[PDB]
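Next comes just one chain, in structure tokens: the form solved without Ceftriaxone.
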């Protein structure tokens, strides 16, 4: 008799990694949970709820507010923002870049919009508290949030927590449907996750996601997937390879394989 947890454990051993998985239960399906209550660094996965917080806090007209910044605001990696130092970027453009290009400057600017220059990470955490998440915490802005040592609770979430956050944001009622549609669209057009959860699900499944990558071999992806018949699931996959040191290689393929196991039981 097979056991999916044993297969996740095999993946761990094969990649010399720690893997966390959460797929919330539905009316038709059991939860999938593997190290789901263990802490993993957010890395860039926080950018999706960040955009939700900004959407939540403001009228949609706020998307047109122009944010200006200088070259001294640029934090690697900022594929969009570093090309717009002269023009600035609107809040909407920043949300786009933060999700679709994992743009770090965009994320820091959004944190500043949310909670001001000193308060953004605290404001973000407070948004998660408002969704019922009492475990997650954001402490640093980009790029330091990717660099906490293993064991350090700063800048961490759990697969269970982030999955339930994403569930509420995309499938639930955390956002009104207009704002929900914007978040969903940005995630749907993400340029970063083709080799993660997307790679484990057949082509006839829709996948929207937000990736995260950091030190200690951290590679995460949080997604909402729809079956070919329109049935949605939230899939959170987190990993690290802390045993390898701060410069351990993040392994996208581990997330792809984890997602394959998930798809195998959801299909």
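Positions refer to the first chain, counted from 1.
Form deposited with Ceftriaxone bound: not shown, discussed below.
- Query: Out of the stretches listed (40 to 48, 26 to 34, 227 to 235, 60 to 68), which one is close to Ceftriaxone in the entry with it bound, meaning heavy atoms within 4.5 Å?
  - Reply: That would be 40 to 48.
- Task: Find out whether any non-hydrogen atom of residue 200 is located within 4.5 angstroms of Ceftriaxone in the entry with it bound, and reply yes or no.
- Result: No, no contact at 4.5 Å.
- Task: Spell out, yes or no, whether the shortest heavy atom distance between residue 239 and Ceftriaxone in the entry with it bound is within 4.5 Å.
- Result: No, residue 239 sits far enough from Ceftriaxone in the entry with it bound that none of its heavy atoms falls within 4.5 Å.
- Spell out, yes or no, whether the shortest heavy atom distance between residue 168 and Ceftriaxone in the entry with it bound is within 4.5 Å. Although Ceftriaxone is absent here, residue 168 would stay clear of it in the entry with it bound, with no heavy atoms inside 4.5 Å.
- Answer with yes or no whether residue 143 is in contact with Ceftriaxone in the entry with it bound, where contact means some heavy atom within 4.5 Å. Judged by the heavy-atom cut-off of 4.5 Å, residue 143 is in contact with Ceftriaxone in the entry with it bound.
- Item | Non-hydrogen atom within 4.5 angstroms of Ceftriaxone in the entry with it bound for each of 147, 192 and 215 | Yes, because 147, 192 and 215 each have a heavy atom that approaches Ceftriaxone to within 4.5 Å in the entry with it bound.
- Message: Considering non-hydrogen atoms and a 4.5 Å limit, which listed residue (85, 122, 77, 175) is close to Ceftriaxone in the entry with it bound?
- Response: Flagged contact: 77.
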